[PDB]
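The structure appears right after this line, and notes come after that.
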Amino acid sequence: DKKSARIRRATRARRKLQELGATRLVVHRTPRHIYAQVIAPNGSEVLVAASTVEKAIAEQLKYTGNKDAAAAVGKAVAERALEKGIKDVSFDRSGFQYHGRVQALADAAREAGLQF
Amino acid sequence: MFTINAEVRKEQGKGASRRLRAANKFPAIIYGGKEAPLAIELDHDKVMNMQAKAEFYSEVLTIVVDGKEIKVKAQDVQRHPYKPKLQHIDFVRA
Amino acid sequence: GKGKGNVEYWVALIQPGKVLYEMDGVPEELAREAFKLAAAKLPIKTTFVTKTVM
Amino acid sequence: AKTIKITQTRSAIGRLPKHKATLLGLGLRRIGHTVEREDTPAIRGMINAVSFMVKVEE
Amino acid sequence: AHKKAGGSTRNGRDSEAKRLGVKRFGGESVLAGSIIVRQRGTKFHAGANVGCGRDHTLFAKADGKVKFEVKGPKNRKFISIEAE
RNA sequence: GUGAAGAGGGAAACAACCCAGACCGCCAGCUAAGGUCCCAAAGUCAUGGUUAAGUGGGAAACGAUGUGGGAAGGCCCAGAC
RNA sequence: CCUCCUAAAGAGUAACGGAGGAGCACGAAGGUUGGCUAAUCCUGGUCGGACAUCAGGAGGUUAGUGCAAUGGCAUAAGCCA
RNA sequence: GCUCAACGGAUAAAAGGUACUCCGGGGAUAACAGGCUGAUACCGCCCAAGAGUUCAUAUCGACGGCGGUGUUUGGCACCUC
RNA sequence: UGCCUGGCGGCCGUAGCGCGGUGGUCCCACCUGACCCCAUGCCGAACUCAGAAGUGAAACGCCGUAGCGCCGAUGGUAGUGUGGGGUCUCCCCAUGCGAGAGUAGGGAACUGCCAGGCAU
Ligand SMILES: [Mg+2]
Ligand SMILES: [Mg+2]
Ligand SMILES: [Mg+2]
Ligand SMILES: [Mg+2]
Ligand SMILES: [Mg+2]
Ligand SMILES: [Mg+2]
Ligand SMILES: [Mg+2]
Ligand SMILES: [Mg+2]
Ligand SMILES: [Mg+2]
Ligand SMILES: [Mg+2]
Ligand SMILES: [Mg+2]
Ligand SMILES: [Mg+2]
Ligand SMILES: [Mg+2]
Ligand SMILES: [Mg+2]
Ligand SMILES: [Mg+2]
Ligand SMILES: [Mg+2]
Ligand SMILES: [Mg+2]
Ligand SMILES: [Mg+2]
Ligand SMILES: [Mg+2]
Ligand SMILES: [Mg+2]
Ligand SMILES: [Mg+2]
Ligand SMILES: [Mg+2]
Ligand SMILES: [Mg+2]
Ligand SMILES: [Mg+2]
């Protein structure tokens, strides 16, 4: 399955981060929405979460599944992390090729202030 | 159709069981049912003679312990490896 | 010395209770006679056992 | 607080070194030596270990 | 039939034992860099603060106390160092 | 574990087996192993069985109406063997 | 010199004990990043079959690991770039 | 830069005979005898296919099995070099 | 608060498989099309991008099912540490530890954080 292959791809970097203890900015890209979360190193506590599924972000977007929606959601998640003082995270692409919407989200977060 | 007079075991374990089997009795268990299992102390010679019938392992035995009758089935039998003796009998409450 | 020996025959270690030979389709007395004849050729004490449900 | 008395009734010759060390821990020194100790689970364990060669007057 | 016969053997070879196995057992307190287990292949895996060398030797990377646990979906055995 | 490098008592004799670790003396007592008829210290001790083979006091498959105990079973005063 | 067993569930442990290998290879067969997952069998299919390539399924790592055996390996240590 | 591979590597550089022998030692280690053991050897016995005109057991006795002796060939290396 | 969905875990088969059913407002998936960014040792299959017509078909989620997988007592048995004993290449007794298999039985997971949807 596609998602099984994606999980298999992601697991290595996820375990490396999980043992390193880095706060994790995990992305999740779908054909329509792109989700971003920042999660504690233990993995069982969601620090912040910004997604196109929610009205506050979506209402400023034409289509929720493209590079511009990704840039908007990355900007939002980075600003909320900076308001929670998260400051320094590490990027978990979750198997998605770091390119296109995922890369645009990453650059939006980097310019907003998240360090990775 | 067969009635088996049984008495309650006082001590369990390898030593007590081998003491029984030397003293011409043998341990048995009554499990199954909705209550805790009961360990009993059967009379080896009578039980061997009565199990000689092939319907012992088919009809519902009755066990008389402390006057209380228990209707059981013969579930499993452990036999001596090279003797016509019994070592243990599993009864199921029924 | 000078190494181990060469394989000469094959055995099957027998412990008490092991049911060596089994037989079916014959009368019981003839089975007893046949088993007596067979046991006379073996170096281990034996006995005659029957089938039971359990 | 309760005290038991332990009397060595057999030799320590040919015993396992662990048995000899248990005898020493109990403080017993020779056959017919009686010592007084406290009644603790540890002491009971020592006595159980060397129960074949000591007698206990509880 | 007088004296004897004769006959060489083809075996009689072996290698120096490598002294593998668990060096520091569970509950022990190690210094940083202490070898916890020498092994062939990750029979034991590297948990928290435990590093795996090239020969799959597990060494504690932080001071503390050893801790074995069955972890993961494959019920593998992980050595971790509780912070002490 | 013992002997080696440990004597003493027992196993007849018998380093290595069982009991037990000799500082010296005593014409004192209690014991371990092992024993108590005589050699040879100590029960011709008490109770209930077994063996009739000198078994005890060397040895197997196998054989046998030896004898003792046990749980059954078969045929029987229309009187059975 | 390496691997398994003997080796008595820590380490170690002998024999003219039972089995096998080494006296190298690689500039990539190393590093990293990204990606991928095997054997076998069945079905269908030009030459072309028991075994060539193609497609589907069952299967589940019974594969692979430059070379022995063991321990590992799916996050792959296996296969490409 | 050593197949110094007898791989902790005596020299850079080394094979044999002695019944013509000699010395120091050993029963630490062989041949002879003794000893322990009894694979082998020898002698018994158990089951009994079959042979024996029929009939296993007059006489043999297969396929197997269990012992005895210390009578050969041995094993070990305890006494004696 | 209730229920559904998505993500990250906890845990690692009482949690997996099979079989039957069910879901599309939201989510997810399939889907539509490739100047493009990006791509196939050929192929927009996969990866990627721009989208949203349609369908939950497959997948996934959930529900129900014991046919398996899985877990699993009590009892007994095997083994075994220490001390004894026997006709001792194997056993037995006192005491301590006590399985494996099997039996009754359980069993179609449970659970935390965040977000969205619906009914509030
Ligand atoms: Mg016992
Ligand atoms: Mg060797
Ligand atoms: Mg000397
Ligand atoms: Mg002496
Ligand atoms: Mg000494
Ligand atoms: Mg003496
Ligand atoms: Mg004698
Ligand atoms: Mg004397
Ligand atoms: Mg002294
Ligand atoms: Mg006296
Ligand atoms: Mg006298
Ligand atoms: Mg070992
Ligand atoms: Mg050991
Ligand atoms: Mg390689
Ligand atoms: Mg590599
Ligand atoms: Mg040399
Ligand atoms: Mg050398
Ligand atoms: Mg000379
Ligand atoms: Mg000699
Ligand atoms: Mg000689
Ligand atoms: Mg001789
Ligand atoms: Mg002599
Ligand atoms: Mg002499
Ligand atoms: Mg069990």
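Points worth noting:
- For the cross-link pairs D:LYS18/E:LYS77; D:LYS5/E:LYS67; A:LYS3/A:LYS55, the ones whose C-alpha atoms lie over 32 Å apart are D:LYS18/E:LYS77; D:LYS5/E:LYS67.
- Net charge of neighbours whose Cβ lies under 13 Å from the Cβ of B:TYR57, counting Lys and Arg as +1 and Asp and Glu as -1: 0
- Each Cα pair under 8 Å and six or more residues apart adds its separation to the average, and for chain B the resulting relative contact order is 32 percent.
- Rounded to the nearest 20 debye, dipole of the stretch A:1-49 from Cβ charges on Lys, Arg, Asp, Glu: 380 debye
- Neighbourhood net charge (9 Å Cβ-Cβ; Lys/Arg +1, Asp/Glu -1) for E:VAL66: +1
- Within chain A, the selection of entire DSSP H helices by a Cα span of 15 Å or greater along the long axis and an average Kyte-Doolittle value of at least 0.0 returns A:67-83.
- When only the Cβ of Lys, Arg, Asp and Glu is charged (+1, +1, -1, -1), the dipole of chain B relative to its Cα centre reaches about 360 debye.
- Folded to 0 to 90 degrees: helix C:28-39 orientation relative to chain C principal axis, Cα: 10 degrees
- Only helices enter the 222 nm calculation for chain B: every DSSP H run of n ≥ 4 contributes -39,500 (n - 2.57), and dividing by all residues gives -5000 deg cm²/dmol, rounded to 500.
- Neighbours of A:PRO31, meaning other residues whose beta-carbon lies under 12 angstrom from its beta-carbon, give a summed charge of +4 when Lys and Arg score +1 and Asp and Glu score -1.
- Of all DSSP bridge pairs formed entirely within chain B, close to 75 percent run antiparallel.
- Rg/Rg_globular for chain A, with Rg_globular taken as 2.2 N^0.38 Å and Rg from C-alpha atoms: 0.99
- The ranking of E:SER29, E:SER34 by Cβ neighbour count inside 10 Å, starting from the fewest, reads E:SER29, E:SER34.
- Of the residues B:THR62, A:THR23, the one with the fewest other Cβ atoms within 10 Å heads the list, and the complete ranking is B:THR62, A:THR23.
- Counting neighbouring Cβ atoms within 10 Å and putting the fewest first, the residues E:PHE68, B:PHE26 line up as E:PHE68, B:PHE26.
- D by Stokes-Einstein for the protein assembly as shown, Kirkwood Rh over Cα pairs, 10 °C, 1.306 mPa s: 50 µm²/s.
Bear in mind that the values in this text are calculations on the coordinates, not laboratory data. Using ideal geometry, Cβ is built from the backbone for each residue, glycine included, and neighbour counts are taken over all protein chains shown.
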